[PDB]
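**Student:** Below is a structure I'd like to ask you about.
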Amino acid sequence: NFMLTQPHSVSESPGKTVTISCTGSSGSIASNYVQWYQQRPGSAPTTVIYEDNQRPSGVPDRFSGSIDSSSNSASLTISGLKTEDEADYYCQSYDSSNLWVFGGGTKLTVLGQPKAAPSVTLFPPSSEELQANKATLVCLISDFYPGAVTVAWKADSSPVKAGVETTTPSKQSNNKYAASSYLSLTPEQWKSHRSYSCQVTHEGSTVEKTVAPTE
Amino acid sequence: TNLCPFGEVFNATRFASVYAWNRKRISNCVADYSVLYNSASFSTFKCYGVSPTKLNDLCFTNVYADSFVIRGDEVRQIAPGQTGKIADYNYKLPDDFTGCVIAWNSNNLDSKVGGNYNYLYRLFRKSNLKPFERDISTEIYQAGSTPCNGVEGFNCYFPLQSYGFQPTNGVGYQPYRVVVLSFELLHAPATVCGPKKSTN
Amino acid sequence: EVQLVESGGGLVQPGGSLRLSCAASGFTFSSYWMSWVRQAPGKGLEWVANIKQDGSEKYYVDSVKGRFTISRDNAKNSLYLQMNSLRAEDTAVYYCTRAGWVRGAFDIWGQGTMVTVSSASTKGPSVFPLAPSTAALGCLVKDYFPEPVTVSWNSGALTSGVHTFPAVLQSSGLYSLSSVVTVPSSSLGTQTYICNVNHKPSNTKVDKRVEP
Ligand SMILES: *[C@@H]1O[C@H](CO)[C@@H](O[C@@H]2O[C@H](CO)[C@@H](O)[C@H](O)[C@H]2NC(C)=O)[C@H](O)[C@H]1NC(C)=O
């Protein structure tokens, strides 16, 4: 039960320095070697850092691994950012109980434009679909940067684990991103509650939208 | 092809205590490091100053296999720049250390229902140990300004404490066996190499 | 020059079998450990299996333990993964990697091979209206398989405010998307606003009138 946990997304300017953390959950980071893998969308991963601070031949000086003896965590650091570095970065180590564990990954977005809050639109199930004994709420997110959000659903104040289906954000043609989240419901549950809520988190700021059956 | 005595150092019935840590010089042999990485059984395996993979194609004057026992949550202190009970008064490692640290859980061997107090560690010391220094002194730690004259009371503490290794202990309390390999490069015969053994 | 080439992926319905194969080149294959790392689409990396460089010890994840068998032919410079009794969660891209001792350093990554495990057959989608309250309406293209699908607006003429969102592979293994257009408030009531869906595999075309 030794998980590696790293944040979801970080961002910085064309030149800057940026640091991605990777903290062990149960077991000592620096009890074994910690690797870092770069992965641009659709491509295979490549190794930027092996054996704690070490970089393969070909990787620029900008990348630098390290290990914090205090927080039980390693950290990748990219001094003097370059837009080519925009990718997902996974950390990885080994443990005798859970062999070859991997991090969650972190999307490093090199900011080419100002950050932008997402425009969220939520639709209730249609009159037609309610006839069909099904009900789907459609939450539509667009025009946000960088490309990562977090979508949560609240049944009338309360969380909803089942039924939710959410797309991974994809680039529209202004270099911003857009995603959609669907709540697969039943007509019984839809008419039951006073309202359903779609809550989208993005770089701290959360945007909420809510609909009510009665009409 | 003299095969270096790693079977004797790692597979060893009795290990030392950390304040009184064992050492085993290694010379005049061919060192098959392949077994030590391909194992995967060890809980900690990190080397400092040299990548393990490129060790078969390496030669050294002497290898030093320090071997002792500490509790689970103390292996972090066997590393450069580390501090704590073990790294300061029992076994210190230098900043420019050049070698490997290997440890595995030994609660099935160094524990016993009731507690195996056989292994000790040092509680108090006048000051920190120099790198690779040993301290087997049983001198009563004078914790006041009044001397102790060789027996402990108030302001007087027998400096060696024990380890209550029980097989139900928490992992951070369970016993581990550490083997610290030290590599030496003197302007000297350099009589220890790995697989690439075409020079003799 | 190191390169790894995975083969033998594709589509298979649940409970079935499938055999992957990855071809090594440019390095001493008999001198490295070999591992499979998978990656569910839109999700992270997960290690799957590792095999010692003779084929003596094999290791896996508990997820696939008992169902996946790893092997290797050192002479033929090839690594294999016999995947039997597959599930939906096994859907991922399956990379083959060099690791090199046992403790890390997954040196090189092949380009991967796709493995899709879906019990879904080709089906045309149901279409539902979004019926707005600047307004925004659209259509809901539900439960079709496989991708792609096509959405025109107002028989192909309207193209100004349209935003066709990507689909989801829902729990049922059936895709579903929705496409919307923002329009003037005073454009409703006096505008047809039909949406035209074409699912080429299922060959079903559906035009849906969207009205407040
Ligand atoms: C400690 O002893 C074990 C066994 O007594 C050694 O291990 C074996 O290595 C051979 C290599 O040919 C394998 O075929 C066996 O399967 C291994 N057995 C076990 C139980 O691991 C081991 O190498 C010894 N330790 C050291 C450091 O030499």
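For the structure tokens, the naming scheme is as follows: chains receive sequential letters (A, B, ...) according to their order of presentation, residues are indexed from 1 within each chain, and ligands are indexed from 1 in presentation order.
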Mind checking which residues fall within 8 Å of range 133-140 of chain B, counting only C-alpha atoms, ignoring those fewer than 6 positions away in the same chain, and posting them as a PDB file with N, CA and C atoms, in the first residue's frame?

**Tutor:**
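Resulting contents of out04.pdb:
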```pdb
ATOM      1  N   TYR B  19      26.280   0.272  17.150  1.00  0.00           N
ATOM      2  CA  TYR B  19      27.393   0.961  17.797  1.00  0.00           C
ATOM      3  C   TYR B  19      28.694   0.175  17.685  1.00  0.00           C
ATOM      4  N   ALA B  20      28.605  -1.135  17.479  1.00  0.00           N
ATOM      5  CA  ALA B  20      29.734  -2.059  17.457  1.00  0.00           C
ATOM      6  C   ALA B  20      29.812  -2.767  16.111  1.00  0.00           C
ATOM      7  N   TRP B  21      29.636  -2.005  15.034  1.00  0.00           N
ATOM      8  CA  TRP B  21      29.279  -2.577  13.742  1.00  0.00           C
ATOM      9  C   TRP B  21      30.435  -3.359  13.131  1.00  0.00           C
ATOM     10  N   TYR B  89      25.786   8.864  16.723  1.00  0.00           N
ATOM     11  CA  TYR B  89      26.505   8.178  17.786  1.00  0.00           C
ATOM     12  C   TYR B  89      26.804   6.714  17.500  1.00  0.00           C
ATOM     13  N   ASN B  90      26.274   6.144  16.420  1.00  0.00           N
ATOM     14  CA  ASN B  90      26.502   4.737  16.118  1.00  0.00           C
ATOM     15  C   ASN B  90      27.321   4.508  14.857  1.00  0.00           C
ATOM     16  N   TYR B  91      26.908   5.086  13.731  1.00  0.00           N
ATOM     17  CA  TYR B  91      27.581   4.839  12.456  1.00  0.00           C
ATOM     18  C   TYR B  91      27.315   6.027  11.541  1.00  0.00           C
ATOM     19  N   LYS B  92      28.338   6.834  11.281  1.00  0.00           N
ATOM     20  CA  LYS B  92      28.184   7.998  10.420  1.00  0.00           C
ATOM     21  C   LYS B  92      28.760   7.717   9.039  1.00  0.00           C
ATOM     22  N   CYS B 148      30.259   9.733  37.795  1.00  0.00           N
ATOM     23  CA  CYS B 148      29.454   8.553  38.084  1.00  0.00           C
ATOM     24  C   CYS B 148      30.239   7.399  38.692  1.00  0.00           C
ATOM     25  N   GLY B 150      31.376   4.796  37.564  1.00  0.00           N
ATOM     26  CA  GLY B 150      31.113   3.476  37.020  1.00  0.00           C
ATOM     27  C   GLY B 150      29.869   2.768  37.512  1.00  0.00           C
ATOM     28  N   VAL B 151      28.804   3.508  37.816  1.00  0.00           N
ATOM     29  CA  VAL B 151      27.505   2.916  38.122  1.00  0.00           C
ATOM     30  C   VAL B 151      26.464   4.008  37.941  1.00  0.00           C
ATOM     31  N   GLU B 152      25.258   3.611  37.544  1.00  0.00           N
ATOM     32  CA  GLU B 152      24.282   4.562  37.033  1.00  0.00           C
ATOM     33  C   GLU B 152      23.186   4.854  38.049  1.00  0.00           C
ATOM     34  N   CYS B 156      23.332   9.721  35.703  1.00  0.00           N
ATOM     35  CA  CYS B 156      24.245   8.656  35.302  1.00  0.00           C
ATOM     36  C   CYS B 156      23.470   7.624  34.498  1.00  0.00           C
ATOM     37  N   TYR B 157      23.895   7.389  33.258  1.00  0.00           N
ATOM     38  CA  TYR B 157      23.143   6.548  32.334  1.00  0.00           C
ATOM     39  C   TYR B 157      24.095   5.657  31.552  1.00  0.00           C
ATOM     40  N   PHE B 158      23.924   4.344  31.704  1.00  0.00           N
ATOM     41  CA  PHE B 158      24.614   3.334  30.914  1.00  0.00           C
ATOM     42  C   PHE B 158      24.304   3.611  29.447  1.00  0.00           C
ATOM     43  N   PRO B 159      25.290   4.049  28.657  1.00  0.00           N
ATOM     44  CA  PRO B 159      24.971   4.692  27.371  1.00  0.00           C
ATOM     45  C   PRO B 159      24.391   3.759  26.324  1.00  0.00           C
ATOM     46  N   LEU B 160      24.529   2.446  26.478  1.00  0.00           N
ATOM     47  CA  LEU B 160      24.039   1.505  25.480  1.00  0.00           C
ATOM     48  C   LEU B 160      22.609   1.102  25.820  1.00  0.00           C
TER      49      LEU B 160
END
```

**Student:** When DSSP is applied to the backbone of this structure, which of range 25-155 of chain C are assigned helix (DSSP H, G or I)? Write them out as a list in words.

**Tutor:** residues 29, 30, 31, 154 and 155 of chain C

**Student:** Tell me which protein, DNA and RNA residues are within 8 Å of residue 166 in chain C, counting only C-alpha atoms, leaving out same-chain ones fewer than 5 positions away, and put them as a count of residues only.

**Tutor:** 5

**Student:** For ligand 1, which of B:26, B:179, B:100, B:95 is the closest residue, counting only C-alpha atoms and all ligand atoms?

**Tutor:** B:179

**Student:** Find the spatial neighbours of residue 38 in chain B, counting only C-alpha atoms, within a cut-off of 10 Å - ignore same-chain residues fewer than 3 positions away - and output them as an MDAnalysis selection string.

**Tutor:** (chainID B and resid 33:35 41) or (chainID C and resid 33 52:53 100:103)

**Student:** Save out the residues we just selected, N, CA and C atoms, as a PDB file, in the first residue's frame.

**Tutor:**
```pdb
ATOM      1  N   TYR B  33      28.537  -8.578  -8.735  1.00  0.00           N
ATOM      2  CA  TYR B  33      27.469  -7.717  -8.231  1.00  0.00           C
ATOM      3  C   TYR B  33      26.105  -8.029  -8.833  1.00  0.00           C
ATOM      4  N   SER B  34      26.040  -8.853  -9.882  1.00  0.00           N
ATOM      5  CA  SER B  34      24.762  -9.132 -10.532  1.00  0.00           C
ATOM      6  C   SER B  34      23.739  -9.698  -9.556  1.00  0.00           C
ATOM      7  N   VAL B  35      24.172 -10.596  -8.669  1.00  0.00           N
ATOM      8  CA  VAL B  35      23.258 -11.191  -7.699  1.00  0.00           C
ATOM      9  C   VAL B  35      22.659 -10.127  -6.790  1.00  0.00           C
ATOM     10  N   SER B  41      14.934  -8.584  -3.325  1.00  0.00           N
ATOM     11  CA  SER B  41      14.386  -8.865  -2.004  1.00  0.00           C
ATOM     12  C   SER B  41      14.649  -7.735  -1.015  1.00  0.00           C
TER      13      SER B  41
ATOM     14  N   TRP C  33      16.182  -7.011 -17.932  1.00  0.00           N
ATOM     15  CA  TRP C  33      14.823  -7.393 -17.585  1.00  0.00           C
ATOM     16  C   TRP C  33      13.843  -6.698 -18.525  1.00  0.00           C
ATOM     17  N   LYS C  52      12.608 -11.832 -15.153  1.00  0.00           N
ATOM     18  CA  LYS C  52      14.062 -11.845 -15.012  1.00  0.00           C
ATOM     19  C   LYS C  52      14.734 -12.192 -16.333  1.00  0.00           C
ATOM     20  N   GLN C  53      15.972 -11.720 -16.503  1.00  0.00           N
ATOM     21  CA  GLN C  53      16.658 -11.995 -17.755  1.00  0.00           C
ATOM     22  C   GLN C  53      17.329 -13.366 -17.775  1.00  0.00           C
ATOM     23  N   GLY C 100      16.239  -3.065 -16.495  1.00  0.00           N
ATOM     24  CA  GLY C 100      17.668  -3.281 -16.570  1.00  0.00           C
ATOM     25  C   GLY C 100      18.418  -3.938 -15.415  1.00  0.00           C
ATOM     26  N   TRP C 101      17.923  -3.792 -14.209  1.00  0.00           N
ATOM     27  CA  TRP C 101      18.418  -4.644 -13.111  1.00  0.00           C
ATOM     28  C   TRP C 101      17.163  -5.305 -12.530  1.00  0.00           C
ATOM     29  N   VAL C 102      16.360  -4.517 -11.832  1.00  0.00           N
ATOM     30  CA  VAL C 102      15.078  -4.858 -11.185  1.00  0.00           C
ATOM     31  C   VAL C 102      14.651  -3.627 -10.416  1.00  0.00           C
ATOM     32  N   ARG C 103      15.501  -2.629 -10.238  1.00  0.00           N
ATOM     33  CA  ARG C 103      15.065  -1.578  -9.303  1.00  0.00           C
ATOM     34  C   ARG C 103      14.643  -0.293  -9.984  1.00  0.00           C
TER      35      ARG C 103
END
```

**Student:** Using only C-alpha atoms, find each residue in chain A having at least one atom no more than 10 Å away from chain B; report its shortest atom-to-atom pair and that distance in Å (one decimal), rows by chain then rising number, as a Markdown table.

**Tutor:**
```
| residue | atom | partner | partner_atom | distance |
| --- | --- | --- | --- | --- |
| A:27 | CA | B:73 | CA | 9.7 |
| A:28 | CA | B:76 | CA | 7.9 |
| A:29 | CA | B:76 | CA | 9.4 |
| A:30 | CA | B:76 | CA | 7.6 |
| A:31 | CA | B:44 | CA | 4.8 |
| A:32 | CA | B:44 | CA | 5.6 |
| A:33 | CA | B:46 | CA | 6.6 |
| A:51 | CA | B:51 | CA | 7.9 |
| A:52 | CA | B:46 | CA | 9.3 |
| A:54 | CA | B:51 | CA | 9.6 |
| A:69 | CA | B:82 | CA | 8.3 |
| A:94 | CA | B:43 | CA | 9.0 |
| A:95 | CA | B:43 | CA | 6.7 |
| A:96 | CA | B:43 | CA | 5.6 |
| A:97 | CA | B:43 | CA | 8.7 |
| A:99 | CA | B:40 | CA | 9.2 |
```

**Student:** Taking only C-alpha atoms and all ligand atoms into account, which residues have an atom no farther than 8 Å from ligand 1? I'd like them as a list in words.

**Tutor:**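 So the residues close to ligand 1 are residues 6, 7, 8, 9, 10, 11, 35, 36 and 39 of chain B.
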
**Student:** Just to be explicit: take each residue in the selection above, keep N, CA and C atoms, and write the result as a PDB file, in the first residue's frame.

**Tutor:**
```
ATOM      1  N   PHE B   6      30.610 -12.460  -0.719  1.00  0.00           N
ATOM      2  CA  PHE B   6      29.331 -11.828  -0.421  1.00  0.00           C
ATOM      3  C   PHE B   6      28.321 -12.803   0.164  1.00  0.00           C
ATOM      4  N   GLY B   7      28.511 -14.106  -0.053  1.00  0.00           N
ATOM      5  CA  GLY B   7      27.700 -15.090   0.642  1.00  0.00           C
ATOM      6  C   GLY B   7      27.930 -15.085   2.140  1.00  0.00           C
ATOM      7  N   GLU B   8      29.157 -14.785   2.570  1.00  0.00           N
ATOM      8  CA  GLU B   8      29.464 -14.760   3.995  1.00  0.00           C
ATOM      9  C   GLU B   8      28.985 -13.479   4.668  1.00  0.00           C
ATOM     10  N   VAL B   9      29.038 -12.347   3.966  1.00  0.00           N
ATOM     11  CA  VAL B   9      28.669 -11.075   4.579  1.00  0.00           C
ATOM     12  C   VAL B   9      27.155 -10.937   4.683  1.00  0.00           C
ATOM     13  N   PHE B  10      26.441 -11.194   3.586  1.00  0.00           N
ATOM     14  CA  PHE B  10      24.989 -11.040   3.586  1.00  0.00           C
ATOM     15  C   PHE B  10      24.309 -12.209   4.293  1.00  0.00           C
ATOM     16  N   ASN B  11      24.565 -13.430   3.826  1.00  0.00           N
ATOM     17  CA  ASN B  11      24.041 -14.634   4.471  1.00  0.00           C
ATOM     18  C   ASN B  11      24.943 -14.951   5.658  1.00  0.00           C
ATOM     19  N   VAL B  35      24.172 -10.596  -8.669  1.00  0.00           N
ATOM     20  CA  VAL B  35      23.258 -11.191  -7.699  1.00  0.00           C
ATOM     21  C   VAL B  35      22.659 -10.127  -6.790  1.00  0.00           C
ATOM     22  N   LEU B  36      23.416  -9.069  -6.491  1.00  0.00           N
ATOM     23  CA  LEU B  36      22.948  -8.099  -5.507  1.00  0.00           C
ATOM     24  C   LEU B  36      21.883  -7.162  -6.066  1.00  0.00           C
ATOM     25  N   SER B  39      18.452  -9.439  -7.201  1.00  0.00           N
ATOM     26  CA  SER B  39      17.756 -10.059  -6.077  1.00  0.00           C
ATOM     27  C   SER B  39      16.317  -9.563  -5.963  1.00  0.00           C
TER      28      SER B  39
END
```

**Student:** So that I can check the surroundings of range 54-67 of chain B, please list as a compact mmCIF listing (two decimals) with N, CA and C atoms, in the first residue's frame every protein, DNA and RNA residue that reaches within 10 Å of it, counting only C-alpha atoms and ignoring chain neighbours fewer than 3 positions away.

**Tutor:**
```
# COMPACT_ATOMS: atom_id res chain seq x y z
N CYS B 4 34.29 -13.16 -4.78
CA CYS B 4 34.29 -12.36 -3.56
C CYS B 4 33.29 -12.89 -2.53
N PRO B 5 33.60 -12.76 -1.24
CA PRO B 5 32.78 -13.39 -0.17
C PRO B 5 31.56 -12.57 0.21
N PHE B 6 30.61 -12.46 -0.72
CA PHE B 6 29.33 -11.83 -0.42
C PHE B 6 28.32 -12.80 0.16
N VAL B 9 29.04 -12.35 3.97
CA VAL B 9 28.67 -11.08 4.58
C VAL B 9 27.16 -10.94 4.68
N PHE B 10 26.44 -11.19 3.59
CA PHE B 10 24.99 -11.04 3.59
C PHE B 10 24.31 -12.21 4.29
N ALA B 12 24.60 -14.38 6.81
CA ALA B 12 25.43 -14.49 8.01
C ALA B 12 24.51 -14.66 9.21
N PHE B 15 24.54 -11.10 13.21
CA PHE B 15 25.01 -9.77 12.86
C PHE B 15 25.40 -9.00 14.11
N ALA B 16 26.20 -7.95 13.91
CA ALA B 16 26.67 -7.12 15.01
C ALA B 16 25.59 -6.13 15.44
N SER B 17 25.91 -5.34 16.45
CA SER B 17 25.11 -4.19 16.83
C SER B 17 25.65 -2.95 16.12
N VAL B 18 24.83 -1.90 16.09
CA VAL B 18 25.14 -0.76 15.24
C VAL B 18 26.28 0.07 15.83
N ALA B 20 28.61 -1.14 17.48
CA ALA B 20 29.73 -2.06 17.46
C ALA B 20 29.81 -2.77 16.11
N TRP B 21 29.64 -2.01 15.03
CA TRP B 21 29.28 -2.58 13.74
C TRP B 21 30.43 -3.36 13.13
N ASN B 22 30.09 -4.47 12.48
CA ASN B 22 31.08 -5.32 11.84
C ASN B 22 31.67 -4.66 10.60
N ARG B 23 32.88 -5.07 10.25
CA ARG B 23 33.51 -4.71 8.99
C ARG B 23 34.18 -5.95 8.41
N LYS B 24 34.19 -6.05 7.08
CA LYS B 24 34.78 -7.20 6.40
C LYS B 24 35.47 -6.71 5.14
N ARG B 25 36.80 -6.66 5.18
CA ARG B 25 37.60 -6.26 4.03
C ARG B 25 37.45 -7.27 2.90
N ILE B 26 37.50 -6.77 1.66
CA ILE B 26 37.32 -7.61 0.48
C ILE B 26 38.39 -7.24 -0.54
N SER B 27 39.26 -8.20 -0.86
CA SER B 27 40.33 -7.98 -1.82
C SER B 27 40.67 -9.29 -2.52
N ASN B 28 41.30 -9.16 -3.69
CA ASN B 28 41.85 -10.30 -4.43
C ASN B 28 40.77 -11.29 -4.86
N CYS B 29 39.73 -10.76 -5.52
CA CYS B 29 38.63 -11.61 -5.97
C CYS B 29 37.85 -10.88 -7.06
N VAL B 30 36.97 -11.62 -7.72
CA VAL B 30 36.11 -11.10 -8.77
C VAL B 30 34.70 -11.00 -8.21
N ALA B 31 34.16 -9.79 -8.21
CA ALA B 31 32.95 -9.45 -7.45
C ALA B 31 31.73 -9.47 -8.37
N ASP B 32 30.95 -10.54 -8.27
CA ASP B 32 29.70 -10.70 -9.02
C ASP B 32 28.61 -9.86 -8.36
N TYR B 33 28.54 -8.58 -8.74
CA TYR B 33 27.47 -7.72 -8.23
C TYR B 33 26.11 -8.03 -8.83
N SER B 34 26.04 -8.85 -9.88
CA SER B 34 24.76 -9.13 -10.53
C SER B 34 23.74 -9.70 -9.56
N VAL B 50 28.22 6.44 -7.79
CA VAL B 50 28.43 5.54 -8.92
C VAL B 50 27.11 4.86 -9.25
N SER B 51 26.83 4.72 -10.55
CA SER B 51 25.63 3.99 -10.92
C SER B 51 25.87 2.49 -10.78
N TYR B 91 26.91 5.09 13.73
CA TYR B 91 27.58 4.84 12.46
C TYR B 91 27.31 6.03 11.54
N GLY B 99 29.75 4.51 -2.30
CA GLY B 99 29.40 3.13 -2.05
C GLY B 99 27.91 2.93 -2.05
N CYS B 100 27.48 1.78 -1.53
CA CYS B 100 26.09 1.37 -1.57
C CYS B 100 25.58 1.08 -0.17
N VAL B 101 24.26 1.20 -0.01
CA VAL B 101 23.56 0.88 1.22
C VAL B 101 22.47 -0.12 0.88
N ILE B 102 22.50 -1.28 1.54
CA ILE B 102 21.58 -2.38 1.25
C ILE B 102 21.04 -2.90 2.57
N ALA B 103 19.71 -3.05 2.65
CA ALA B 103 19.06 -3.48 3.88
C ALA B 103 17.81 -4.28 3.54
N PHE B 132 32.55 6.99 9.39
CA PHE B 132 33.01 5.61 9.52
C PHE B 132 33.60 5.31 10.90
N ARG B 177 18.64 -5.57 8.68
CA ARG B 177 20.06 -5.85 8.57
C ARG B 177 20.63 -5.02 7.42
N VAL B 178 21.58 -4.14 7.74
CA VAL B 178 22.14 -3.21 6.78
C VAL B 178 23.55 -3.65 6.42
N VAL B 179 23.87 -3.59 5.13
CA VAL B 179 25.21 -3.87 4.63
C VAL B 179 25.65 -2.66 3.82
N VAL B 180 26.72 -2.01 4.27
CA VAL B 180 27.19 -0.76 3.68
C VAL B 180 28.51 -1.06 2.99
N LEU B 181 28.48 -1.13 1.67
CA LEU B 181 29.67 -1.37 0.86
C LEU B 181 30.38 -0.04 0.61
N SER B 182 31.68 -0.01 0.88
CA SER B 182 32.51 1.17 0.66
C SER B 182 33.57 0.83 -0.38
N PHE B 183 33.66 1.66 -1.42
CA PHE B 183 34.59 1.43 -2.51
C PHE B 183 35.78 2.37 -2.37
N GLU B 184 36.96 1.85 -2.68
CA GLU B 184 38.22 2.53 -2.43
C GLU B 184 39.02 2.59 -3.72
N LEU B 185 39.52 3.78 -4.05
CA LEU B 185 40.32 4.00 -5.25
C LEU B 185 41.60 4.72 -4.84
N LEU B 186 42.61 3.93 -4.49
CA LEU B 186 43.95 4.40 -4.20
C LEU B 186 44.83 4.23 -5.44
N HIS B 187 45.91 5.01 -5.48
CA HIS B 187 46.90 4.91 -6.55
C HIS B 187 47.74 3.67 -6.25
N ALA B 188 47.14 2.51 -6.56
CA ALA B 188 47.39 1.27 -5.83
C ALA B 188 46.98 0.05 -6.67
N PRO B 189 47.22 -1.18 -6.20
CA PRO B 189 47.03 -2.36 -7.07
C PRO B 189 45.64 -2.51 -7.68
N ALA B 190 44.56 -2.09 -7.00
CA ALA B 190 43.21 -2.16 -7.57
C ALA B 190 42.83 -3.60 -7.95
N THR B 191 42.79 -4.46 -6.93
CA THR B 191 42.76 -5.92 -7.09
C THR B 191 41.36 -6.51 -6.94
N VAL B 192 40.31 -5.76 -7.25
CA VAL B 192 38.93 -6.25 -7.16
C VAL B 192 38.15 -5.69 -8.34
N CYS B 193 37.71 -6.57 -9.23
CA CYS B 193 36.92 -6.22 -10.41
C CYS B 193 35.73 -7.17 -10.53
N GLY B 194 34.75 -6.77 -11.33
CA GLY B 194 33.58 -7.60 -11.54
C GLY B 194 33.71 -8.51 -12.74
N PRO B 195 32.57 -8.81 -13.39
CA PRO B 195 32.55 -9.66 -14.59
C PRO B 195 33.66 -9.43 -15.60
N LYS B 196 33.99 -8.19 -15.94
CA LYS B 196 35.04 -7.96 -16.92
C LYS B 196 36.37 -8.26 -16.23
N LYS B 197 36.84 -9.49 -16.40
CA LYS B 197 37.97 -10.04 -15.65
C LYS B 197 39.01 -10.60 -16.61
```

**Student:** May I have a table of the residues of chain C lying at most 6 Å from chain A, giving each one's closest pair of atoms and their distance in Å to one decimal, counting only C-alpha atoms, ordered by chain and ascending residue number, as JSON lines?

**Tutor:**
```
{"residue": "C:105", "atom": "CA", "partner": "A:50", "partner_atom": "CA", "distance": 5.8}
{"residue": "C:111", "atom": "CA", "partner": "A:44", "partner_atom": "CA", "distance": 5.4}
{"residue": "C:168", "atom": "CA", "partner": "A:167", "partner_atom": "CA", "distance": 5.9}
```

**Student:** Excluding residue 108 in chain C and its own-chain neighbours fewer than 2 positions away, which residues fall within 7 Å of it when counting only C-alpha atoms? Please give them as a count of residues only.

**Tutor:** 5

**Student:** Excluding residue 76 in chain A and its own-chain neighbours fewer than 5 positions away, which residues fall within 6 Å of it when counting only C-alpha atoms? Please give them as a PyMOL selection string.

**Tutor:** chain A and resi 19-20+64-65

**Student:** So which one's closest to residue 105 in chain B, B:174, B:146, B:13, B:127? Using only C-alpha atoms, please.

**Tutor:**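 That would be B:174, the residue with the smallest distance to residue 105 in chain B.
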
**Student:** Return the single residue from C:25, C:126, C:152, C:203 that is closest to residue 176 in chain C, with distances computed using only C-alpha atoms.

**Tutor:**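 So, comparing all the options, the nearest one is C:126.
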